[PDB]
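Trainee: Take this structure, written in structure tokens, and hold onto it; I'll ask about it next.
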Amino acid sequence: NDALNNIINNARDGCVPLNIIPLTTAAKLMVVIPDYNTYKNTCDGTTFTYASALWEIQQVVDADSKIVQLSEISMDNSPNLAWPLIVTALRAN
Amino acid sequence: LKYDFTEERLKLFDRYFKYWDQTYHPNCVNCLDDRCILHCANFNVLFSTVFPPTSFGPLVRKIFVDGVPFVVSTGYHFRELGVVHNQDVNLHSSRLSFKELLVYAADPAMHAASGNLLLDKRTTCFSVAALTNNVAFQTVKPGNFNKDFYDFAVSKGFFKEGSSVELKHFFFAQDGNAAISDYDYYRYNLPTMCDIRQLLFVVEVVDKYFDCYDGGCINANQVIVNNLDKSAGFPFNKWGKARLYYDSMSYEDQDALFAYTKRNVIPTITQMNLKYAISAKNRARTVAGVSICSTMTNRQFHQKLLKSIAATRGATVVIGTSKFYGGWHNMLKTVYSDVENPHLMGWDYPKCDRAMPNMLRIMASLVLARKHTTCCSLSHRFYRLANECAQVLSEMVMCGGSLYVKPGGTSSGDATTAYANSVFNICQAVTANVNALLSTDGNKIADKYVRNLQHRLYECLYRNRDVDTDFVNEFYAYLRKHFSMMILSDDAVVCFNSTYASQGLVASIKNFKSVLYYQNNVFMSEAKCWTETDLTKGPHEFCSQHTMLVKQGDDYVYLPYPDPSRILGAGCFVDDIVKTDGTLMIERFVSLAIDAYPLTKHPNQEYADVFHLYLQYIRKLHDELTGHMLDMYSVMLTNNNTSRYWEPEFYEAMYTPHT
Amino acid sequence: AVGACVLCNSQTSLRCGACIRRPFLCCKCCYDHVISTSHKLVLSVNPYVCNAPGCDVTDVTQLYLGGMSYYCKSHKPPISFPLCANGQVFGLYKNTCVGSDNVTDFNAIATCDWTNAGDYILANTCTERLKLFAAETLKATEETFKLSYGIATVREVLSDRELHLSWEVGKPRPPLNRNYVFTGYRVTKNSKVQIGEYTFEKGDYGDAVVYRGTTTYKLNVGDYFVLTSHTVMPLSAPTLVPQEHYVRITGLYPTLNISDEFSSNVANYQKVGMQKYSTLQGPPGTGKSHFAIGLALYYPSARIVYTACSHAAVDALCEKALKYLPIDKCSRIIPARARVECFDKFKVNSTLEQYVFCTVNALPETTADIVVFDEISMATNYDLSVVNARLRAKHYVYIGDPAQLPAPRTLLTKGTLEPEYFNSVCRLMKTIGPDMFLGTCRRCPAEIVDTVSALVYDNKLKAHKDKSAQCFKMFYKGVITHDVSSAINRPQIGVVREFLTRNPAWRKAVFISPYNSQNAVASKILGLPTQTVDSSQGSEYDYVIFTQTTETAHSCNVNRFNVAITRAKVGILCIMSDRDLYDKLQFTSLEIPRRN
Amino acid sequence: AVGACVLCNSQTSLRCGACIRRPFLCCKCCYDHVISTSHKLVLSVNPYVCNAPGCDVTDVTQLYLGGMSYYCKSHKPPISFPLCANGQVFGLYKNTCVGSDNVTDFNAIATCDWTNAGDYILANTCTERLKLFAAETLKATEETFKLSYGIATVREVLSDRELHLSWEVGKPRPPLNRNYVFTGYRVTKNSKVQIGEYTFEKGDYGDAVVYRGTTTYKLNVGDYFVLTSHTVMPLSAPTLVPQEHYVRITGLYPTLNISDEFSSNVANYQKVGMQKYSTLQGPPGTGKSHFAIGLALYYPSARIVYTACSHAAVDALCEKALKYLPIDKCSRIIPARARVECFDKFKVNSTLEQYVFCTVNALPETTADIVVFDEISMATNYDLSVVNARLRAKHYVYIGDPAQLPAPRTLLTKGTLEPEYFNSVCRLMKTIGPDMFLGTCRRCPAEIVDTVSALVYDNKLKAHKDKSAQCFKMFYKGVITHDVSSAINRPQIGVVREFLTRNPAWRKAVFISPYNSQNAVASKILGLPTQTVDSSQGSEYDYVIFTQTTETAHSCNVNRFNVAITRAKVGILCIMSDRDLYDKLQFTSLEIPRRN
RNA sequence: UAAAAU
RNA sequence: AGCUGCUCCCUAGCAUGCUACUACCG
RNA sequence: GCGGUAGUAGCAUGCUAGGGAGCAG
Ligand SMILES: [Zn+2]
Ligand SMILES: [Zn+2]
Ligand SMILES: [Zn+2]
Ligand SMILES: [Zn+2]
Ligand SMILES: [Zn+2]
Ligand SMILES: [Zn+2]
Ligand SMILES: [Zn+2]
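Note that the protein sequences, when read in sequence, are chains B, A, E and F.
100 is the number of the first residue of the first sequence in the deposited numbering; add one for each residue after it.
271 is the number of the first residue of the second sequence in the deposited numbering; add one for each residue after it.
1 is the number of the first residue of the third sequence in the deposited numbering; add one for each residue after it.
1 is the number of the first residue of the fourth sequence in the deposited numbering; add one for each residue after it.
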């Protein structure tokens with residue numbers, strides 16, 4: 100992507116620390132969640148923010164790698180799932 | 271984007287440490303000797319706690335080859351070493367030979383940047399990236415059971431209720447949240463600033479402990495790799511084991527590569543793996559497989575010294591020395607030497623491999639390297655040290671399907687573990703001695719000689735700034751005369767004078783306690799430190815063996831007998847075909863019995879019964895084997911010569927000084 | 001490479017390589033098979049020949065193991081052992097094998113060529129494992145014989161699919177049938193290159209022949225076609241799982257009062273769940289099929305699989321099921337085969353549906369609650385073991401009529417089989433008892449029922465519904481226009497023309513023929529969609545037409561005649577020259593100018 | 001490292017290092033090549049050299065197998081035996097080697113110089129493996145002859161197209177050709193950095209040359225230009241797949257009836273689907289390309305590739321093509337090269353639209369249903385096999401007339417190559433026909449084709465609107481006053497001095513001449529633009545004045561002349577000595593001292 | 001001389 | 001799916017060494 | 001009848017390589 104080249108050109112030298120490359124320039128984020136309260140305190144709702152950017156949720160799976168919808172993620176339905184979920188979100192503009 | 275941060279460190283230094291009369295170098299590259307490297311990396315440890323943790327690690331850069339853009343690392347920002355730039359980078363090339371293919375494959379840069387962003391809440395460890403669209407979970411299947419042997423052991427009266435020996439070691443299973451929930455244990459690793467002045471002398475004493483060896487660079491055609499088939503780290507495990515690689519390279523590719531690391535830096539990627547073996551505590555155990563690229567060099571750089579250590583007797587280190595043929599007795603005798611009121615003691619470091627602060631790891635690498643006085647230059651040695659640290663200290667662990675950063679601690683399975691841990695152990699011991707000695711009412715010590723010793727010790731430690739040799743030698747002699755240490759890779763035994771230890775002239779145990787506390791961030795309950803007053807019975811335990819004084823003919827010898835439950839367990843639980851129908855595996859039991867011989871000479875009963883049990887079982891095994899083989903064909907074998915295996919004497923030979 | 005003795009199940013490592021199928025044999029058994037038969041070459045972990053180059057003494061009884069290796073009489077080492085020694089042959093576990101007395105009939109099996117019912121009559125009455133081996137070698141001999149047919153080449157091309165072919169002079173020419181396939185080779189010099197698979201069928205005249213191809217390749221003149229052979233897998237499952245009972249019904253669950261139209265059969269429904277398996281004999285397709293589907297309904301949640309051998313059979317069955325079942329149904333039937341089309345409804349491959357229909361040879365390898373084989377009066381013990389191997393369920397039900405049509409098993413040409421000996425369950429029905437029976441027609445006009453009960457049955461049926469419009473013009477058989485020995489008689493259609501038009505509404509009937517090619521020619525001067533008597537046995541129709549070839553043995557077969565005429569509901573007509581049967585049939589024959 | 005013999009295809013591990021390409025020779029074949037030629041060095045997994053240091057003897061015939069090494073006669077250890085014996089050489093699989101006796105022509109190729117016709121004549125007349133080897137070889141020879149060039153020194157940087165580039169001394173300067181694409185470097189001091197590529201050509205005057213760069217990086221007086229060089233890759237696919245015929249089209253979906261103005265083309269279009277590939281004979285601008293686009297229309301639901309080698313050709317093709325095509329198109333040619341601008345339509349890299357348009361060395365490993373290539377009169381067998389290697393479509397098609405001009409193949413010095421052997425498919429089209437002749441013309445006037453079909457063609461192509469004033473002012477050539485090597489025909493241009501003003505309405509022409517310095521000295525005595533055959537291929541100037549050079553065939557190169565005719569809309573003047581050629585271009589015969 | 005195979 | 005260290009067992013191969021008897025010369 | 005050069009088979013040592021298994025950190 101051109102934005103990578105861009106942030107390269109912003110370097111006073113052309114060398115940048117590795118850790119911040121994917122943080123700013125990735126096109127898709129994956130988050131691993133253990134427990135329900137924790138989920139509530141992060142990607143609750145259909146979109147959220149992280150790392151000064153806006154991410155939108157789409158497609159959520161479980162430990163058994165089966166799809167699950169956001170509806171089921173209640174407080175008391177939670178003891179019915181392979182419960183360290185994987186959430187894949189997209190870079191929203 | 272900012273990653274330099276130099277005059278910031280200098281500004282901090284000036285605002286606080288204004289009169290610390292010694293030049294500070296924000297980048298160890300500009301250090302003089304090594305002691306300057308220590309005295310600078312120390313301050314760096316403290317200062318690096320301030321800056322963003324998303325600004326350490328590899329320092330990548332865009333390059334071109336054959337009119338094509340790549341991203342490769344050209345340097346590093348060590349939270350203890352400052353900035354380091356690779357010295358031989360080449361923009362714009364036409365093609366790629368083999369070594370460069372390799373060094374661009376074993377790097378995280380191109381891997382990471384081609385990954386999707388990861389944020390996990392399972393661990394407080396700073397995650398980095400993921401390479402797939404689905405994290406993986408690995409389990410640990412349960413062991414397989416060998417019945418007929420169990421029924422046998424029952425039939426001959428074992429395992430009855432209230433018996434002394436019973437089953438305690440087994441094959442614990444592990445579910446799916448094992449790898450990560452284990453790896454998380456690095457949360458016990460903290461940035462700790464170790465006292466520098468006393469370190470600058472304990473390192474001298476430790477060095478003195480290693481005078482009688484020799485090492486240096488060696489040419490590729492001289493390395494020795496026992497067992498050429500082990501996993502090849504990441505991602506080389508996508509092709510084959512080591513032999514494939516150790517073959518496709520010339521004897522110069524190795525030399526070219528080695529001489530290339532002596533001026534540039536190569537990040538790596540470590541893998542975690544779940545050990546699958548019997549144990550006694552359900553918490554799983556794991557191992558770190560390192561990339562081929564680091565080993566292939568660290569070998570050439572250390573193997574000379576290593577082999578120099580693995581073949582010397584009577585040394586304070588005891589690695590490689592075999593216990594058979596009475597050797598164990600030699601060890602226990604020499605560790606007695608001549609201490610005036612000998613007591614024995616041992617201890618153990620809780621989570622020794624995680625809790626090790628980075629400073630001591632660097633200290634160990636320095637002490638090892640100090641032998642290279644000539645097989646290198648002096649910037650070469652520093653770049654070597656840098657590549658080492660970057661490969662086995664803050665490298666990117668590849669757990670599950672994701673890359674995290676390892677804040678510190680020893681990588682469980684590098685090239686130089688066992689020796690490094692031992693060096694660390696000796697360092698801790700010496701530190702405890704120094705602390706205890708300084709920390710006593712100097713006006714109450716009676717032996718005038720010791721009082722002068724303590725005085726001049728403090729003097730040489732805080733006042734004088736340059737190394738003294740004579741006092742170092744005198745002190746080393748004093749320690750070898752009143753603290754005698756047999757060391758292994760963290761596992762120790764100390765024979766020390768009691769009278770002095772009472773008057774706080776050598777470290778007791780509470781000294782060890784305070785030391786681990788204030789220099790290792792952990793606490794060692796005296797529930798595992800063992801003491802011992804009567805030498806006639808050997809040390810309480812060492813490498814998981816007990817010691818017993820048995821009359822072997824005319825005289826008395828120390829012998830190591832293991833823990834019976836362990837042996838029984840090894841008899842009863844295995845991995846499928848193994849042992850199950852063990853009528854093809856006798857050698858297993860041969861060796862096992864070998865390990866369980868000394869239980870014959872034991873005061874308590876059931877012990878020797880274990881031995882006789884193994885014997886009779888071997889006999890029944892071979893018998894019912896021949897019976898089947900006869901029917902299979904129609905004529906038994908011509909000459910088995912296996913009967914010797916079930917006569918006791920042959921085992922006895924494995925413990926007598928003549929081979 | 002060991003196993004069990006086909007006669008003693010003892011451990012061994014031998015196979016009578018001289019016998020075709022290489023069966024495992026105990027020591028003593030091997031000694032006896034070899035001493036009493038031209039069968040001599042024994043194979044073990046290695047072959048048994050003299051290892052000295054040149055010596056080819058392969059009669060094992062002459063050979064000697066030398067040092068590790070085997071040797072003749074002459075080239076023997078100074079020290080050795082005689083192999084065929086002491087009423088036994090040396091093999092692994094020699095001192096353990098027991099041996100027994102089934103050797104005579106064994107060699108009888110292995111030595112027959114399936115030419116006379118006797119070797120059959122024994123094939124169906126030996127021990128089960130032996131029965132298996134028998135079926136194996138039978139099918140193998142069939143395949144091997146199939147190779148004996150000639151080769152075909154192209155002579156000149158006529159159209160896209162019209163062609164003139166050239167046969168091997170002096171070789172058996174196999175028939176034009178959808179059950180034959182030919183690999184096409186053309187040769188450059190060099191470059192004997194396969195071109196594809198091609199079936200055949202007779203065009204409108206000789207020797208214009210049509211062909212269906214695998215790809216759109218252009219044809220040439222230096223081309224030829226080899227009928228493609230086949231292999232045969234070995235089997236290991238028994239024919240019949242050991243019969244059992246229980247004290248109470250398990251696994252399956254009735255409803256309550258649903259569908260009383262299936263009333264009386266509930267009695268049978270319980271006892272079916274009460275056994276491990278059972279059989280049912282019934283005159284054509286009456287309670288047969290009807291009862292099967294009724295039971296299927298009875299236990300709703302029961303996962304059920306139907307299967308048979310005849311494609312048209314399973315097709316008629318699946319449509320009858322469609323008549324009454326949730327859909328919620330599939331017939332996972334045919335992959336890249338189905339030369340004749342069949343099922344039209346659902347998938348061919350997911351094995352999720354509760355009510356799965358398919359053909360035996362195309363079955364998957366799956367489990368279910370119960371399974372209902374059908375038309376056992378046609379299958380061979382081979383197929384029975386096949387289905388018991390591929391599938392695995394609790395309750396089995398086999399259905400058929402030992403008066404129907406068995407497997408052709410063409411190879412036999414001397415004598416005839418008693419139906420009792422078609423296969424195992426055939427015996428079971430004919431021997432002890434069919435466990436459950438049904439005796440009434442719900443499908444056929446009463447008059448033909450009377451005729452049949454007067455014939456092959458012992459006047460033991462009843463039904464409903466009588467008239468009309470039935471005849472049996474004993475029209476002399478015109479020219480047997482037999483293309484191959486497969487029969488055709490065009491002047492037989494020479495009166496169909498007189499009912500190709502006189503037919504007021506007999507326009508949607510089905511025509512039936514003793515032979516396939518006379519059936520094809522019926523499709524030529526078309527009247528309607530026709531079929532073969534074998535491809536029948538599964539469906540009924542209001543009107544049906546029937547013309548016959550000559551009075552050949554295949555034709556005048558009473559069973560073929562019965563199962564043919566028993567496929568009609570209200571109208572029927574059959575035309576044989578007929579010296580006797582029209583004396584047995586009860587209709588109203590006419591004369592060529594008398595057709596109303 | 002191991003492979004099949006280039007002649008007998010035997011699995012072998014030998015390479016004649018004395019052969020430039022190091023091919024794989026079987027044991028026997030290697031023995032023959034070495035005993036026959038001066039190729040006296042053979043490589044296996046290792047070279048065959050006396051391993052005794054200092055003894056630089058290399059050939060096999062004096063080398064002896066050492067204990068585990070190789071040694072000369074003098075240096076051979078006691079037990080040491082030579083390598084080459086029994087007509088065979090010590091090599092792997094030496095048991096199964098077969099060899100062959102065709103070492104003759106193979107040798108001739110391993111020794112030819114590629115400077116003369118007979119080399120190439122043999123080349124396009126041998127076996128496939130030998131053909132590919134010949135292509136590899138001649139291309140490598142051209143590569144090293146290119147390497148014979150050198151760098152240069154920049155005098156000044158005049159303009160973005162005007163540049164001052166003196167060539168390094170002691171080196172044959174690379175002339176003014178688009179082919180001379182040079183890797184430019186801006187020497188910091190330091191900095192072996194390629195600033196891009198820049199190629200050069202003769203503009204409207206010298207010695208200020210014109211240069212185009214793939215990047216507009218402005219040069220200065222300090223740069224230096226190396227000749228871009230690399231290594232030829234070996235090839236695997238044959239020149240062409242064997243042709244296949246079909247009784248129908250394979251997966252082609254013909255259009256119903258859209259844009260039937262290409263109707264005479266659809267009669268041909270379906271033919272494509274019947275043949276694995278085919279060929280096409282046609283003048284450019286005719287159904288040339290037009291046919292291909294109408295074809296892509298005729299099957300509008302199919303992946304199609306269009307390829308050429310010249311970017312001028314891919315622009316002449318891709319434009320006119322996007323016309324009748326949705327856009328919605330693909331012609332994604334150059335990622336990061338192309339000395340000049342190229343495709344302008346979409347994306348570079350995702351093989352999207354069913355119709356792609358690119359150049360040979362840009363075609364990646366992609367697939368289609370049909371691949372099409374014009375320009376066949378120009379590419380090499382090397383190029384054909386490259387095409388086959390990069391594409392795996394289900395159909396292929398070849399367009400072009402050998403009447404045009406082929407690859408430069410500079411090494412030709414003694415003799416000329418016939419279109420008869422330009423390459424394989426061309427050798428066929430000229431030895432068996434294109435199987436499709438294409439007509440007719442479109443742009444040019446009739447009079448420039450009605451007489452020009454009397455030369456290469458057989459009065460075959462037709463056009464109309466013959467006007468205006470297309471004549472041959474055949475002027476007997478003057479003396480030879482050539483400034484550089486190529487001819488200065490200023491007396492020949494002395495026919496237009498009295499005519500630059502006699503044409504007030506024809507002040508819109510363009511000078512042409514074969515020798516490029518005949519373009520140069522005309523550009524000196526210029527008043528109207530110039531354009532030679534070189535940068536042609538897909539354009540037309542309204543007026544043009546053909547100016548001939550020396551009577552040598554360089555002037556009336558009937559191919560070069562013809563193509564110089566075919567690129568016109570209105571008028572032309574032809575001025576040559578011309579004893580016989582003018583009897584084929586029939587116009588108003590005009591003279592020069594007379595103005596009629 | 002009748003059915004009819006990842 | 002690691003880094004070492006010790007130990008047993010099996011197999012091959014090389015070379016030595018040694019033994020002797022069998023063959024050539026002294 | 002001895003000494004030196006050629007065989008045999010045997011024995012001893014060792015060294016390499018290859019393969020299996022177990023224990024300690
Ligand atoms: Zn410093
Ligand atoms: Zn060194
Ligand atoms: Zn036999
Ligand atoms: Zn038997
Ligand atoms: Zn023999
Ligand atoms: Zn060859
Ligand atoms: Zn030499």
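Each residue gets a CB set at the ideal place from its N, CA and C atoms; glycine is no exception.
Measure from the C-beta of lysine 146 (chain E) to each C-beta in chain A and report whether the shortest distance is under 8 Å.
Mentor: For this step, residue 146 (chain E) is matched to residue 146 along the third sequence. It does not; no Cβ of chain A falls within 8 Å.
Trainee: From the DSSP secondary-structure annotation, give me the bridge partner or partners of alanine 639 (chain A).
Mentor: In the second sequence, residue 639 (chain A) corresponds to position 369, counting from 1. DSSP output for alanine 639 (chain A) lists no bridge partner at all.
Trainee: Could you list which residues in chain E have their beta carbon closer than 9 Å to that of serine 384 (chain A), in chain order?
Mentor: Here residue 384 (chain A) refers to the residue found at position 114 when the second sequence is read from its first residue. The contacting residues do not exist; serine 384 (chain A) stays about 38 Å from chain E at best.
Trainee: How is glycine 839 (chain A) classed by DSSP in three states: helix, strand or coil?
Mentor: Numbered from its first residue, the second sequence carries residue 839 (chain A) at position 569. Of the three classes helix, strand and coil, the one that applies to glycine 839 (chain A) here is helix, per DSSP.
Trainee: In chain order, what residues of the same chain have a beta carbon less than 7 Å from the beta carbon of residue 996 (chain A), not counting five sequence neighbours either side?
Mentor: Summary: the structure shown does not reach residue 996 (chain A), with chain A confined to residues 271 through 929, and so no result is reported for it.
Trainee: Could one say the Cβ of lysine 192 (chain F) lies closer than 8 Å to chain A's Cβ atoms, at least one of them?
Mentor: Your numbering for residue 192 (chain F) matches position 192 in the fourth sequence. It does: the Cβ of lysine 192 (chain F) has a partner Cβ on chain A nearer than 8 Å.
Trainee: Under 6 Å, CB to any heavy atom of ligand 7. Which residues pass, going along the chain?
Mentor: Matched residues: F:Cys50, F:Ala52, F:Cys55, F:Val57, F:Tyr71, F:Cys72, F:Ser74, F:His75.
Trainee: Pop quiz: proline 82 (chain E) and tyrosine 93 (chain E) are said to be a contact at Cβ under 8 Å. What is the actual Cβ separation, rounded to whole angstroms?
Mentor: The sequence position of residue 82 (chain E) within the third sequence is 82, counting from 1. The sequence position of residue 93 (chain E) within the third sequence is 93, counting from 1. At roughly 19 Å, the Cβ-Cβ gap does not stay under 8 Å, so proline 82 (chain E) and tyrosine 93 (chain E) are not in contact.
Trainee: Does the distance between the C-beta of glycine 3 (chain E) and the nearest non-hydrogen atom of ligand 4 fall short of 7 Å?
Mentor: Indexing the third sequence from 1 puts residue 3 (chain E) at position 3. Every heavy atom of ligand 4 is 7 Å or more from the Cβ of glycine 3 (chain E), so no.
Trainee: Taking only the alpha-carbon atoms, compute the straight-line gap between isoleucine 109 (chain F) and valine 181 (chain F) and give it to the nearest angstrom.
Mentor: Position 109 of the fourth sequence, counting from 1, holds the residue named residue 109 (chain F). Position 181 of the fourth sequence, counting from 1, holds the residue named residue 181 (chain F). C-alpha separation (whole angstroms): 30 Å.
Trainee: Terminal residues of the continuous alpha helix (DSSP H) containing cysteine 318 (chain E)?
Mentor: Position 318 of the third sequence, counted from the start, is the residue given in the question as residue 318 (chain E). Note, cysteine 318 (chain E): alpha helix (DSSP H), 311-324.
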